[PDB]
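Right, one structure below, let's go through it.
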RNA sequence: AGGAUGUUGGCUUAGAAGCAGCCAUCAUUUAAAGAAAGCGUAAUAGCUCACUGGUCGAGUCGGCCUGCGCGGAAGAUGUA
């Protein structure tokens, strides 16, 4: 049982994926194009986390989850890299609205009972990575 | 509100005051107003616990001596040079 | 190493170290290191204890040094007989009486001040204790 | 730990919830990971059911206020209460399939009607339809 | 075994024991923490 | 018995997932669960702590003031 964060319609590479679950008994090509097959619908260049699930006979299933908060916050701030020193160096702005969107996606993935709570968690991430909410 | 029980001192001086502090007591004095000053004894550890609170030096305390309450305020305190002890307290009549 | 910039005389009598100390309460900071013993404090011991406390709190807050080594101590060199005048000044000391507050600290939590003072007390030749600022 | 002012406040709140609700289901929940709980919480919020783990001492104080004083004896061992504040049942239902499915913990006694409900026969509540079934 | 004049607990698992008039430190986790006053 | 979710927090790095280092240390679901106290891995995994529900059933905790002891304490002719 292994967890990865793989690029949408991309899979197979050796330093990225290969070795990682390859050294657990997992059929590479199968997961590659099954993963891509279902992640076709994702927007281009959204890094998506997948939980791979292998059984004693080397066969496997997997679940796809919503992209990381840090990722969505990177894209929402229009940036590429979080701050090297979060809350000492600020690197941008997401409106309360963007927070809410990300929150609803990640709401499909949160544990918040309300929009506000989820949004607060996403804000927590946004703070953690030196993005200001503006 | 702090209430203190005290006894009038029978004799003063260095020799008498050191015997008090050996007997787990310590002398004090009450002056102020037109009355004459009054030399008293106090139980040390009991007073030592009360003075550990900041309001002890700000509020008005009552000292019952011969069954008579006297309202005073802590004026000055002589502490031991290096021990957590009291050596003398000045009480001024409120 | 603390030392008077200049003095009226170079050498002093040995003297004695009787009596209790003056300055027996924390007057600048909130916590203090009060000496309960009697003895001398050389300038090196004062500096050693200061560095131990300065590094203990990672150079934070404020630290006062309430003593100053103003007494010169002379020594005769080796293989020298008695007489032929007083020896040369070698180091400076501060006479310490019981109750003297040596260091004061402010701007740090009490639990941190105790460890800082504990590290510094290990460098001093006299027994000390921890004291805190009180309402006079 | 919990100052006395805390625990008084914990009681008050559990009691206030007890007044509004209509069907209380009590169960052991020991030996279940937090993920399966977190899952049961989304199933409680979804189904309008209030969920709390609370000290058995502290529950006895809430209960006595009325009309759950039968439940006292259900407060021996690890206790999880389920307050279906909006609609009745559904918790009683929910807990059992969740109970069966996970073969950890047990379920103790429920309570409706100011009447204690025996572990086995709870199947009564756990088959009562929707409100919203009389039409 | 550390034979020193000042024995102290070095971690959470160190225990102070007095055996035959000798203060000792035994540690169920770190064998380096074994001390005895001497 | 639990010790969860965003999440492998951001940066860095071949990797850095609580646990080389730097910065941040919020928020959620919570009975409670640190953006992690220590071990562990190449990085994960895995062990354990903080914390909390349960059991038990009346005391238990850690500072001060002091009395008397313990260690620290190895020499040469022979106890000495």
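Indices start at 1 and increase along the chain as displayed.
Note: Cβ is positioned from N, Cα and C throughout, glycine not excepted.
Noted in Swiss-Prot for the protein shown:
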MOD_RES   A:33  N6,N6,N6-trimethyllysine
MOD_RES   A:65  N6-succinyllysine
MOD_RES   A:74  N6-succinyllysine
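Structure with Swiss-Prot features highlighted.
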residue	record	DSSP class
A:33	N6,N6,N6-trimethyllysine	helix
A:65	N6-succinyllysine	coil
A:74	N6-succinyllysine	helix
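Around the Cβ of residue A:33 (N6,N6,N6-trimethyllysine), a 10 Å sphere holds 13 further Cβ atoms from the protein chains shown. Calculated from their C-alpha atoms, the gap between residue A:65 (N6-succinyllysine) and the residue listed as 'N6,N6,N6-trimethyllysine' amounts to 17 Å. Minimal Cβ crowding within 10 Å, among the modified residues A:65, A:74, is found at A:65. Filtering the modified residues A:33, A:65, A:74 for a Cβ under 8 angstroms from any Cβ of chain D leaves an empty list.
Residue A:74 (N6-succinyllysine) sits 27 Å from residue A:33 (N6,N6,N6-trimethyllysine), taking the C-alpha atoms as the reference points.
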